[PDB]
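Peer 1: Take a look at the following structure, please.
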Protein chains: 2
Amino acid sequence: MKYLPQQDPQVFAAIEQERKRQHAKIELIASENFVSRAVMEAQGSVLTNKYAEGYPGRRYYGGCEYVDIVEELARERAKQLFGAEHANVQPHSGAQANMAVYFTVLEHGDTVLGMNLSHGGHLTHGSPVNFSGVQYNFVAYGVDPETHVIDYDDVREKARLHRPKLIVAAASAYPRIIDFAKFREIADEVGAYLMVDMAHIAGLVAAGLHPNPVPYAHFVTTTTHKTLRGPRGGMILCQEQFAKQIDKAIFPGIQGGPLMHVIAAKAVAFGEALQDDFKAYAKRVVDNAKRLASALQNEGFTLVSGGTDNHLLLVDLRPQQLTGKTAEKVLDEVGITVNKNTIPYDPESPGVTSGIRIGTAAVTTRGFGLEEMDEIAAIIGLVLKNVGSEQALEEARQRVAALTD
Amino acid sequence: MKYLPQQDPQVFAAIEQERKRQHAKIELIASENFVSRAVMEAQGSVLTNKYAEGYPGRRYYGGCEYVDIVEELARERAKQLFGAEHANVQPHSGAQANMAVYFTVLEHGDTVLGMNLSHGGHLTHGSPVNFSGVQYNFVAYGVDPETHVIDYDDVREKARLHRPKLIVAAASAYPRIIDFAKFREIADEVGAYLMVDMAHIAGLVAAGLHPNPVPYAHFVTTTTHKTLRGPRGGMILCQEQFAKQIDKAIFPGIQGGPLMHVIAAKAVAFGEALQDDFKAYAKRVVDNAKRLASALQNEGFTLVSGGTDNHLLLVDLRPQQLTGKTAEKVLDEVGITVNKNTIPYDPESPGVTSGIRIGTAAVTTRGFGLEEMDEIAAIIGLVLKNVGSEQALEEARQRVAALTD
Ligand SMILES: *Cc1c(COP(=O)(O)O)cnc(C)c1O
Ligand SMILES: *Cc1c(COP(=O)(O)O)cnc(C)c1O
């Protein structure tokens, strides 16, 4: 940076602390990643100056010839990446992507069936303090109490009983592959639309390491950040038949002017994801997650569903007589960043929890491999088995520092 | 830029075209501006990597110590700038700022009273194709057919007849000062909340050149871009008594993770607006608008309301037997960027219109002054009085080039 340090020392000092923090800590929060310098440069461009309400070649304002090129690059690359017939790259966030799909197919008070929020469903899949649960009548399907895999017979039963207009599949804390074919079969049986929210797994889908929801879902929503490793924002994919309605839902439906600079950054990220090296990266993400899961089990930890098929895992801390909140706090003391997370059938409140959620996307981006996964698991073992020993915590601290340099 | 040119030649080439376009054209679209290099650097920072759902000191995830500093700088600077008791700097856009306020105080189907969309009201103030007009029952007040000033007796009558829960004041195409005291008096009479959407005029309010809605409104919404000259995004201001509800409306109500890098950019912009030179800038904006209005009248143009109190003006093109669409198109041919705009009581559709809207914020940022306003008016006169003369259009083209260099 050149101009910010002189113009705003306060903001610059804080950004610099954050930058240094990102390097020093071991980031295991499953939603986190580190974007490329190219992605950041795109977001820091003069495209923030341009109003471009509407769509490429169909804008309200003149002078959009070049931002049109940018948006089309984003849409076309997204379509090639996911094999979708239509992309809308304007959503400000994953929340707004979902909001737009809901706005497209639902009326106020319509019934929607989504994943139980305590079992892995997202806030925007029917929380009573979120617009989704306030605006629509959400009902929930669960995972099996033993296997922790989605109970597809429960999905089916809930769908048949409640007759939802929309079924939502996808999760923010589900460590196994989701069967989109079964979701579509159930949707078809009850005459419901299927929406898949692939935000967490989008990078894996792009790399062919998780089944693609595009052929099975009427609508696919996602964040551009997370495993896809893009700028912070949202996206909707759908077949040509819903394109006009989806576009109208985003604008003039729920948003105003799009963030053209962020859309440029989206194009950059999609360009990156189309490359062979991203496929290699995504495989290392999944490989690292399996390795970390196995190494954690070696330490004596119990994992929700007994492991992982993707980038994330959930530790059930009940055997160690620890809450997620306690584990989160002590790991923070040694420089390991996790979040407490409700586990399926958690006896604890969302404010306390019986679990921690862990993902490998961020550490993989930093170049961590299998050996580092073993060490991370060993450090977590050292910490959580010795929460009362400042000796042990200092050793963990030094071992964390050794990993990040 | 260093990394984008090598990583993504396609995106870079398009950005470079846009950058060059921004320099070459005379930007008169009233919503447009040019942000500082410091603001852009902040948006292009590593803060995009951080999930920070919640609020400073009350986040869901750990590691937010530094982004907390950034958000607090934004909130505190906003409060000093506007004399507000509370700020929420998380809204992704002006649309989302409004969405959040609506979500806070209204239930589905509640009546809201806003400015007639054909008279200057915004899309998000009740368009039947926008969430506002779909989710809530919007009724409208108008401007006087002759003076084109808001008819406060009409505001009052509509409020008393329809009994709205919420009254919205503020506009995207109103060239005169809005009387927030009268709006609050009417709101008080009918027991309605008052929301002021100051997006267009926020920079002028900050500089003390338009009366401040903060003391009169329960809620003030705004874009951080436009006259305030910040990054693309939104903000809500309110008294302490609504702070908790407003914060909850933004998250977990309507959004997910905030854009921390954009929030950094917001802090930077607010820092800039607090400086004496921004006050001088904003005065030049208003001075330039008056000068341009006067010079356009000298050319024989009729202006809606007979002039301007702010950064923007509306040309009523009926005396020249031109539509807004025609004027917009021909001005585009010579390098002057305006938008067609419905005028009050327009006999034409929104797709055609009888007016063009013009604002001086962008050209003022470029350093244009009174002499340039005279020349801009003269060029517009030359063009619109000679739409059929390629000679005249080429002369205009050369005169536009002379202004931008
Ligand atoms: C992260 C996420 C979201 C929300 O994205 P934001 O950008 O935080 O609004 C929605 N759905 C799922 C499944 C997610 O993982
Ligand atoms: C520009 C504007 C908006 C919308 O802002 P976006 O950032 O485009 O969503 C809302 N209200 C008013 C009065 C505006 O001027």
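So you can find residues: chains in the structure tokens are A, B, ... in the order shown, residues in each start at 1, and ligands are numbered from 1 in order.
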Pull out every residue of chain B sitting within 6 Å of chain A, counting only C-alpha atoms, and send them as a PyMOL selection string.
Peer 2: chain B and resi 3-4+14+18+34+38+40-41+43-44+49+66+95+130-131+252-256
Peer 1: Let's have the selection written as a JSON list (two decimals), in the first residue's frame, with C-alpha atoms.
Peer 2:
```
[["chain", "number", "residue", "atom", "x", "y", "z"],
["B", 3, "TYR", "CA", -0.34, -9.37, -9.98],
["B", 4, "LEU", "CA", -3.62, -9.00, -11.89],
["B", 14, "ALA", "CA", -11.31, -4.55, -19.12],
["B", 18, "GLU", "CA", -12.87, 1.33, -17.53],
["B", 34, "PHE", "CA", -14.54, 9.04, -7.73],
["B", 38, "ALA", "CA", -6.65, 5.29, 0.06],
["B", 40, "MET", "CA", -9.48, 1.67, -2.88],
["B", 41, "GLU", "CA", -6.39, 0.34, -1.08],
["B", 43, "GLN", "CA", -11.02, -2.39, -0.15],
["B", 44, "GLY", "CA", -8.15, -4.24, -1.79],
["B", 49, "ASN", "CA", -10.26, -13.00, 4.35],
["B", 66, "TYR", "CA", -8.19, -5.92, 14.66],
["B", 95, "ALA", "CA", -30.82, -1.22, -0.61],
["B", 130, "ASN", "CA", -38.90, -4.30, -5.65],
["B", 131, "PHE", "CA", -39.08, -6.16, -2.32],
["B", 252, "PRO", "CA", -28.67, -12.15, 12.07],
["B", 253, "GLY", "CA", -31.72, -10.55, 10.40],
["B", 254, "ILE", "CA", -30.93, -9.84, 6.75],
["B", 255, "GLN", "CA", -27.18, -10.38, 6.17],
["B", 256, "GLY", "CA", -24.45, -12.88, 7.03]]
```
Peer 1: Fewer than 6 positions away in the same chain doesn't count, so skip those; otherwise give me all residues within 10 Å of residue 319 (chain A), counting only C-alpha atoms, as a PyMOL selection string.
Peer 2: chain A and resi 300-302+354
Peer 1: Out of A:201, A:206, A:401, A:113, which residue has the shortest atom-to-atom distance to ligand 1 when counting only C-alpha atoms and all ligand atoms?
Peer 2: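 Closest to ligand 1 of all the choices is A:201.
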Peer 1: Just fit chain B onto chain A on all the Cα atoms, in order, by least squares, and give it as a short mmCIF file (atom, residue, chain, number, x, y, z; two decimals) with C-alpha atoms, in the first residue's frame.
Peer 2:
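Dumped everything to superposed-v4.cif:
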```cif
data_model
loop_
_atom_site.label_atom_id
_atom_site.label_comp_id
_atom_site.auth_asym_id
_atom_site.auth_seq_id
_atom_site.Cartn_x
_atom_site.Cartn_y
_atom_site.Cartn_z
CA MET B 1 0.00 0.00 0.00
CA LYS B 2 1.13 3.55 -0.74
CA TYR B 3 -1.67 6.04 -0.03
CA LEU B 4 -3.50 4.53 2.96
CA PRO B 5 -0.47 4.68 5.34
CA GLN B 6 -0.25 8.46 4.84
CA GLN B 7 -3.98 9.24 4.62
CA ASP B 8 -5.20 7.08 7.50
CA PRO B 9 -2.56 5.83 9.97
CA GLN B 10 -5.27 4.42 12.30
CA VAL B 11 -6.96 2.24 9.64
CA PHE B 12 -3.58 1.22 8.18
CA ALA B 13 -2.20 0.19 11.60
CA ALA B 14 -5.27 -2.02 12.18
CA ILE B 15 -5.07 -3.61 8.70
CA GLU B 16 -1.38 -4.33 9.27
CA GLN B 17 -2.16 -6.03 12.60
CA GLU B 18 -4.79 -8.14 10.83
CA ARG B 19 -2.38 -9.06 8.02
CA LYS B 20 0.25 -10.15 10.57
CA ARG B 21 -2.41 -12.02 12.57
CA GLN B 22 -3.43 -13.96 9.43
CA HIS B 23 0.18 -15.16 9.06
CA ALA B 24 0.87 -15.96 12.73
CA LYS B 25 -2.24 -18.02 13.56
CA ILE B 26 -3.30 -21.48 12.44
CA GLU B 27 -6.65 -20.82 10.79
CA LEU B 28 -8.92 -23.84 11.15
CA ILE B 29 -12.29 -22.08 10.88
CA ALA B 30 -13.91 -24.08 8.06
CA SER B 31 -15.37 -21.06 6.23
CA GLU B 32 -12.02 -19.26 6.01
CA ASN B 33 -9.48 -19.01 3.20
CA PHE B 34 -6.81 -16.67 1.80
CA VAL B 35 -7.44 -15.04 -1.58
CA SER B 36 -4.75 -14.28 -4.16
CA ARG B 37 -3.10 -10.90 -4.65
CA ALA B 38 -4.80 -10.72 -8.08
CA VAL B 39 -8.25 -11.14 -6.47
CA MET B 40 -7.49 -8.33 -3.98
CA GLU B 41 -6.17 -6.01 -6.71
CA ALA B 42 -9.41 -6.49 -8.65
CA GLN B 43 -11.47 -5.50 -5.54
CA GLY B 44 -9.21 -2.50 -4.98
CA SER B 45 -9.87 -1.19 -8.51
CA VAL B 46 -11.69 1.87 -9.88
CA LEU B 47 -14.70 -0.34 -10.70
CA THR B 48 -16.17 0.73 -7.33
CA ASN B 49 -16.89 4.08 -9.06
CA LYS B 50 -19.38 2.65 -11.59
CA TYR B 51 -23.17 2.32 -11.17
CA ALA B 52 -24.30 -0.61 -13.31
CA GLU B 53 -27.84 -1.55 -12.27
CA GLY B 54 -29.26 -4.10 -14.68
CA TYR B 55 -27.29 -6.69 -16.62
CA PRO B 56 -24.65 -6.76 -19.40
CA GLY B 57 -26.07 -5.08 -22.53
CA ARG B 58 -29.25 -4.32 -20.56
CA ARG B 59 -28.10 -1.62 -18.12
CA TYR B 60 -30.02 1.40 -16.90
CA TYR B 61 -26.98 3.69 -17.25
CA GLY B 62 -24.62 4.33 -20.15
CA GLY B 63 -20.86 3.79 -20.01
CA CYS B 64 -21.12 0.15 -18.91
CA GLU B 65 -19.32 -1.34 -21.96
CA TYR B 66 -16.27 -2.40 -19.94
CA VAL B 67 -17.89 -3.48 -16.67
CA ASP B 68 -20.17 -5.54 -18.97
CA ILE B 69 -17.09 -7.40 -20.22
CA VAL B 70 -16.08 -8.02 -16.59
CA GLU B 71 -19.51 -9.34 -15.53
CA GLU B 72 -19.76 -11.57 -18.63
CA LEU B 73 -16.30 -13.00 -17.91
CA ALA B 74 -17.54 -13.82 -14.39
CA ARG B 75 -20.79 -15.41 -15.68
CA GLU B 76 -19.18 -17.41 -18.50
CA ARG B 77 -16.33 -18.70 -16.30
CA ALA B 78 -18.85 -19.67 -13.59
CA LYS B 79 -20.88 -21.56 -16.19
CA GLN B 80 -17.82 -23.42 -17.49
CA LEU B 81 -16.68 -24.12 -13.92
CA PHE B 82 -20.00 -25.60 -12.74
CA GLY B 83 -21.63 -26.65 -16.03
CA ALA B 84 -24.59 -24.37 -15.32
CA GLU B 85 -26.87 -22.86 -17.95
CA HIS B 86 -27.14 -19.50 -16.18
CA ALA B 87 -25.16 -17.56 -13.58
CA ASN B 88 -26.01 -14.46 -11.61
CA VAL B 89 -22.81 -13.03 -10.16
CA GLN B 90 -24.39 -9.95 -8.55
CA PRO B 91 -25.42 -11.24 -5.09
CA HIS B 92 -23.63 -9.19 -2.38
CA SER B 93 -23.24 -12.31 -0.20
CA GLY B 94 -24.30 -15.93 0.32
CA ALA B 95 -27.22 -14.57 2.41
CA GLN B 96 -28.40 -12.37 -0.48
CA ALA B 97 -28.04 -15.23 -2.98
CA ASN B 98 -30.42 -17.28 -0.81
CA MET B 99 -32.70 -14.29 -0.23
CA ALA B 100 -33.04 -13.86 -4.01
CA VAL B 101 -33.94 -17.52 -4.66
CA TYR B 102 -36.51 -17.40 -1.85
CA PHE B 103 -37.92 -14.19 -3.35
CA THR B 104 -38.18 -15.88 -6.77
CA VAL B 105 -40.24 -18.97 -5.91
CA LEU B 106 -41.86 -18.32 -2.53
CA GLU B 107 -44.63 -16.14 -1.18
CA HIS B 108 -44.72 -14.91 2.41
CA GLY B 109 -45.58 -17.82 4.72
CA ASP B 110 -44.83 -20.62 2.24
CA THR B 111 -43.44 -23.81 3.76
CA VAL B 112 -39.76 -24.62 3.16
CA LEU B 113 -37.93 -27.77 4.22
CA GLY B 114 -34.26 -27.38 5.18
CA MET B 115 -31.56 -29.10 7.21
CA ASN B 116 -31.94 -28.91 10.98
CA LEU B 117 -29.84 -25.93 12.08
CA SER B 118 -28.39 -27.91 15.03
CA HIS B 119 -27.42 -30.70 12.60
CA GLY B 120 -25.56 -28.53 10.07
CA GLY B 121 -28.15 -26.25 8.40
CA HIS B 122 -27.27 -22.57 7.92
CA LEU B 123 -28.75 -19.50 9.65
CA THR B 124 -30.41 -18.56 6.33
CA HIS B 125 -32.13 -21.98 6.18
CA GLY B 126 -34.88 -20.98 8.62
CA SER B 127 -33.49 -19.46 11.83
CA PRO B 128 -36.37 -17.75 13.69
CA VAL B 129 -34.13 -14.66 14.13
CA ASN B 130 -33.21 -14.62 10.42
CA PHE B 131 -35.40 -13.29 7.59
CA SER B 132 -35.79 -16.88 6.32
CA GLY B 133 -37.55 -18.17 9.47
CA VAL B 134 -39.54 -14.96 9.89
CA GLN B 135 -40.72 -14.66 6.25
CA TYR B 136 -41.29 -18.36 5.52
CA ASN B 137 -42.51 -21.41 7.41
CA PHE B 138 -39.41 -23.57 7.82
CA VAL B 139 -39.53 -27.23 8.78
CA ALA B 140 -36.44 -29.39 9.29
CA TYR B 141 -34.97 -32.79 8.43
CA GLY B 142 -32.27 -34.41 10.54
CA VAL B 143 -29.25 -36.68 10.49
CA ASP B 144 -29.28 -40.18 12.00
CA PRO B 145 -28.48 -40.08 15.77
CA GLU B 146 -25.72 -42.69 15.38
CA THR B 147 -24.20 -42.33 11.91
CA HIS B 148 -24.76 -38.53 11.76
CA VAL B 149 -25.52 -38.90 8.04
CA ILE B 150 -28.61 -37.14 6.65
CA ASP B 151 -31.61 -39.43 7.09
CA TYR B 152 -33.10 -39.39 3.58
CA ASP B 153 -36.21 -41.19 4.83
CA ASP B 154 -36.65 -38.27 7.25
CA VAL B 155 -36.20 -35.79 4.38
CA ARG B 156 -38.88 -37.74 2.49
CA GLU B 157 -41.29 -38.02 5.45
CA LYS B 158 -41.01 -34.31 6.33
CA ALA B 159 -41.52 -33.40 2.65
CA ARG B 160 -44.61 -35.62 2.36
CA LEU B 161 -46.13 -34.43 5.65
CA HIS B 162 -45.47 -30.69 5.35
CA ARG B 163 -45.70 -30.33 1.54
CA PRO B 164 -42.99 -27.66 1.19
CA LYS B 165 -42.89 -25.43 -1.89
CA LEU B 166 -39.08 -25.53 -1.66
CA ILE B 167 -36.58 -28.03 -0.29
CA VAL B 168 -33.11 -26.77 0.68
CA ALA B 169 -30.12 -29.08 0.72
CA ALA B 170 -26.60 -28.12 1.86
CA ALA B 171 -24.92 -27.18 5.08
CA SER B 172 -22.38 -25.10 6.98
CA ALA B 173 -21.27 -27.96 9.28
CA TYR B 174 -21.90 -31.31 7.52
CA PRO B 175 -18.73 -33.41 7.02
CA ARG B 176 -20.13 -35.92 4.49
CA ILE B 177 -21.11 -35.91 0.80
CA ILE B 178 -24.71 -34.84 0.20
CA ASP B 179 -26.81 -36.98 -2.16
CA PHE B 180 -28.42 -34.39 -4.46
CA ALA B 181 -30.06 -37.11 -6.58
CA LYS B 182 -32.07 -38.32 -3.57
CA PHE B 183 -33.00 -34.72 -2.70
CA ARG B 184 -34.28 -34.19 -6.25
CA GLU B 185 -36.21 -37.51 -6.18
CA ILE B 186 -37.95 -36.39 -2.97
CA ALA B 187 -38.56 -32.90 -4.41
CA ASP B 188 -40.14 -34.50 -7.50
CA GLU B 189 -42.37 -36.74 -5.36
CA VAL B 190 -43.95 -33.77 -3.54
CA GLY B 191 -43.78 -31.23 -6.41
CA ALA B 192 -41.25 -28.99 -4.64
CA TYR B 193 -38.39 -26.96 -6.10
CA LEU B 194 -34.90 -28.04 -5.02
CA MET B 195 -32.38 -25.40 -3.96
CA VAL B 196 -28.84 -26.48 -3.11
CA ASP B 197 -26.75 -24.07 -1.02
CA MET B 198 -23.21 -25.24 -1.83
CA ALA B 199 -21.37 -22.31 -0.18
CA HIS B 200 -19.05 -24.44 1.95
CA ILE B 201 -18.25 -27.03 -0.72
CA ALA B 202 -18.21 -24.90 -3.89
CA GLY B 203 -14.42 -25.21 -4.39
CA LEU B 204 -14.63 -29.00 -4.04
CA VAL B 205 -17.53 -29.13 -6.52
CA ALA B 206 -15.49 -27.01 -8.98
CA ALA B 207 -12.57 -29.45 -8.63
CA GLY B 208 -14.76 -32.56 -9.12
CA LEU B 209 -14.21 -33.74 -5.55
CA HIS B 210 -17.84 -33.45 -4.44
CA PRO B 211 -20.82 -34.37 -6.65
CA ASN B 212 -22.19 -31.36 -8.57
CA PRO B 213 -25.69 -30.17 -7.51
CA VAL B 214 -26.21 -28.24 -10.79
CA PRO B 215 -27.80 -31.17 -12.75
CA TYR B 216 -30.17 -31.95 -9.84
CA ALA B 217 -31.13 -28.56 -8.40
CA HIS B 218 -33.46 -25.96 -9.89
CA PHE B 219 -31.33 -23.36 -8.09
CA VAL B 220 -27.82 -23.51 -6.71
CA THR B 221 -26.62 -20.79 -4.35
CA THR B 222 -23.12 -20.19 -3.10
CA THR B 223 -20.61 -17.85 -1.57
CA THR B 224 -17.72 -16.91 -3.85
CA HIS B 225 -15.47 -17.05 -0.77
CA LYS B 226 -14.81 -20.22 1.36
CA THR B 227 -13.50 -23.35 -0.48
CA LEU B 228 -13.89 -21.62 -3.88
CA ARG B 229 -11.28 -19.15 -2.52
CA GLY B 230 -12.85 -16.07 -4.09
CA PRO B 231 -13.70 -12.56 -2.88
CA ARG B 232 -16.47 -12.11 -0.30
CA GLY B 233 -19.80 -12.31 -2.14
CA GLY B 234 -22.55 -14.53 -3.53
CA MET B 235 -23.69 -16.25 -6.72
CA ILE B 236 -26.73 -18.09 -8.08
CA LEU B 237 -26.67 -20.82 -10.72
CA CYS B 238 -29.78 -22.15 -12.49
CA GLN B 239 -31.14 -23.52 -15.77
CA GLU B 240 -32.06 -21.14 -18.60
CA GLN B 241 -35.78 -21.47 -17.74
CA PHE B 242 -35.34 -19.62 -14.42
CA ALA B 243 -32.69 -17.12 -15.62
CA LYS B 244 -35.05 -14.18 -16.22
CA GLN B 245 -36.85 -14.61 -12.88
CA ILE B 246 -33.59 -15.08 -10.92
CA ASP B 247 -32.06 -11.98 -12.52
CA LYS B 248 -35.22 -9.99 -11.70
CA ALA B 249 -35.13 -11.26 -8.11
CA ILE B 250 -31.59 -9.89 -7.62
CA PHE B 251 -32.40 -6.64 -9.44
CA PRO B 252 -34.77 -4.84 -9.12
CA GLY B 253 -36.00 -7.40 -6.55
CA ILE B 254 -33.65 -7.40 -3.57
CA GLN B 255 -30.54 -5.34 -4.44
CA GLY B 256 -29.63 -2.03 -6.06
CA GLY B 257 -26.28 -1.35 -7.73
CA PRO B 258 -23.96 -4.35 -7.93
CA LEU B 259 -20.37 -4.25 -6.64
CA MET B 260 -18.57 -4.26 -9.99
CA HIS B 261 -15.08 -4.34 -8.43
CA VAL B 262 -16.06 -7.43 -6.41
CA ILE B 263 -17.55 -8.97 -9.57
CA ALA B 264 -14.15 -8.38 -11.24
CA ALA B 265 -12.60 -10.22 -8.28
CA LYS B 266 -15.15 -13.02 -8.78
CA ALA B 267 -14.06 -13.38 -12.43
CA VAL B 268 -10.43 -13.59 -11.27
CA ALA B 269 -11.27 -16.28 -8.69
CA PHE B 270 -13.24 -18.32 -11.24
CA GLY B 271 -10.29 -18.01 -13.65
CA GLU B 272 -8.06 -19.41 -10.90
CA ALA B 273 -10.49 -22.28 -10.17
CA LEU B 274 -10.51 -23.28 -13.86
CA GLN B 275 -6.75 -23.96 -13.69
CA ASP B 276 -5.21 -27.39 -13.09
CA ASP B 277 -3.38 -26.17 -9.97
CA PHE B 278 -6.68 -25.34 -8.26
CA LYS B 279 -7.78 -28.96 -8.78
CA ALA B 280 -4.54 -30.08 -7.13
CA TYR B 281 -5.16 -27.58 -4.29
CA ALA B 282 -8.71 -28.85 -3.71
CA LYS B 283 -7.49 -32.46 -3.59
CA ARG B 284 -4.94 -31.46 -0.95
CA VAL B 285 -7.79 -29.78 0.99
CA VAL B 286 -9.76 -33.05 1.09
CA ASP B 287 -6.64 -35.23 1.63
CA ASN B 288 -5.56 -32.94 4.50
CA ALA B 289 -9.03 -33.10 6.06
CA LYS B 290 -8.98 -36.94 6.01
CA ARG B 291 -5.46 -36.96 7.42
CA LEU B 292 -6.37 -34.48 10.15
CA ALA B 293 -9.52 -36.48 10.98
CA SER B 294 -7.48 -39.72 11.22
CA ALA B 295 -4.76 -38.03 13.31
CA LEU B 296 -7.38 -36.55 15.67
CA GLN B 297 -8.94 -40.01 16.10
CA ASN B 298 -5.41 -41.27 16.86
CA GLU B 299 -5.29 -38.67 19.68
CA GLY B 300 -8.51 -40.21 21.04
CA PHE B 301 -11.03 -37.68 19.73
CA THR B 302 -14.53 -38.64 18.58
CA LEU B 303 -15.62 -37.10 15.27
CA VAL B 304 -19.20 -36.45 14.18
CA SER B 305 -20.13 -39.05 11.49
CA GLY B 306 -16.80 -40.79 12.27
CA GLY B 307 -14.72 -38.71 9.84
CA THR B 308 -15.11 -36.57 6.72
CA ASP B 309 -15.72 -36.69 2.95
CA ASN B 310 -14.91 -33.00 2.47
CA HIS B 311 -12.90 -30.03 3.83
CA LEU B 312 -14.43 -30.04 7.30
CA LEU B 313 -14.80 -32.10 10.45
CA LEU B 314 -16.60 -31.77 13.77
CA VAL B 315 -15.07 -32.94 17.04
CA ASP B 316 -17.60 -34.26 19.57
CA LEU B 317 -15.93 -33.20 22.84
CA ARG B 318 -18.26 -35.06 25.24
CA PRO B 319 -15.76 -37.93 25.87
CA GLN B 320 -13.25 -35.31 27.11
CA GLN B 321 -15.96 -33.66 29.25
CA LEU B 322 -15.34 -30.36 27.43
CA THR B 323 -17.70 -27.86 25.86
CA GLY B 324 -17.02 -26.32 22.44
CA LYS B 325 -16.77 -22.92 24.12
CA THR B 326 -14.03 -24.13 26.49
CA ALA B 327 -12.07 -25.76 23.65
CA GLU B 328 -12.41 -22.69 21.41
CA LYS B 329 -11.12 -20.44 24.22
CA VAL B 330 -8.06 -22.51 25.15
CA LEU B 331 -7.06 -23.12 21.50
CA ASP B 332 -7.27 -19.34 21.02
CA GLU B 333 -4.67 -19.02 23.82
CA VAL B 334 -2.14 -21.01 21.76
CA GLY B 335 -2.79 -19.48 18.33
CA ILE B 336 -5.16 -22.09 16.83
CA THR B 337 -8.38 -20.61 15.48
CA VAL B 338 -11.47 -22.83 15.59
CA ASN B 339 -15.14 -22.19 16.34
CA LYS B 340 -17.40 -23.89 18.84
CA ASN B 341 -20.16 -25.65 16.95
CA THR B 342 -23.34 -27.47 17.87
CA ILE B 343 -23.13 -31.19 17.12
CA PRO B 344 -26.20 -33.27 16.10
CA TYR B 345 -28.40 -33.89 19.20
CA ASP B 346 -26.19 -31.58 21.27
CA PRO B 347 -27.27 -31.48 24.95
CA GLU B 348 -25.75 -27.97 25.14
CA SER B 349 -27.08 -24.61 23.94
CA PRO B 350 -25.74 -22.87 20.77
CA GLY B 351 -23.87 -20.48 23.09
CA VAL B 352 -21.91 -23.34 24.69
CA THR B 353 -22.05 -26.41 22.36
CA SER B 354 -20.40 -29.85 22.64
CA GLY B 355 -18.19 -29.49 19.58
CA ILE B 356 -15.60 -27.63 17.58
CA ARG B 357 -15.71 -27.31 13.81
CA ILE B 358 -12.43 -27.51 11.86
CA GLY B 359 -11.67 -27.09 8.15
CA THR B 360 -8.46 -27.39 6.11
CA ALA B 361 -9.03 -24.94 3.21
CA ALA B 362 -7.01 -22.09 4.79
CA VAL B 363 -3.99 -24.09 6.02
CA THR B 364 -3.87 -25.91 2.64
CA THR B 365 -3.71 -22.53 0.86
CA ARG B 366 -0.71 -21.73 3.11
CA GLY B 367 0.98 -24.89 1.80
CA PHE B 368 0.36 -27.20 4.78
CA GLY B 369 0.35 -30.93 3.96
CA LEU B 370 -0.10 -34.31 5.66
CA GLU B 371 2.82 -33.92 8.10
CA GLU B 372 1.39 -30.60 9.25
CA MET B 373 -2.01 -32.24 9.74
CA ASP B 374 -0.39 -34.81 12.05
CA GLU B 375 1.29 -32.03 14.05
CA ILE B 376 -1.90 -29.93 14.24
CA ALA B 377 -3.78 -32.96 15.63
CA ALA B 378 -0.97 -33.61 18.13
CA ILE B 379 -1.05 -29.97 19.32
CA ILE B 380 -4.85 -30.09 19.70
CA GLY B 381 -4.44 -33.33 21.71
CA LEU B 382 -1.79 -31.69 23.92
CA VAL B 383 -4.00 -28.65 24.54
CA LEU B 384 -7.41 -30.27 25.12
CA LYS B 385 -6.02 -33.06 27.31
CA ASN B 386 -4.10 -30.52 29.44
CA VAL B 387 -6.37 -27.46 29.69
CA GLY B 388 -5.10 -26.77 33.24
CA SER B 389 -1.37 -26.85 32.46
CA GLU B 390 0.29 -23.57 31.47
CA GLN B 391 3.41 -25.68 30.71
CA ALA B 392 1.47 -27.63 28.05
CA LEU B 393 -0.11 -24.48 26.62
CA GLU B 394 3.30 -22.80 26.25
CA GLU B 395 4.62 -25.91 24.47
CA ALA B 396 1.58 -25.80 22.15
CA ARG B 397 2.24 -22.08 21.55
CA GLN B 398 5.83 -22.83 20.51
CA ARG B 399 4.73 -25.72 18.27
CA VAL B 400 2.14 -23.49 16.58
CA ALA B 401 4.83 -20.83 16.01
CA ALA B 402 7.09 -23.52 14.50
CA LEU B 403 4.35 -24.32 11.96
CA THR B 404 3.65 -20.73 10.88
CA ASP B 405 7.37 -19.78 11.14
#
```
Peer 1: Pull the strand (DSSP E or B) assignments for region 75-210 of chain A out of DSSP run on the backbone, and list those residues as a PyMOL selection string.
Peer 2: chain A and resi 86-88+111-115+137-141+143+150+166-169+193-197
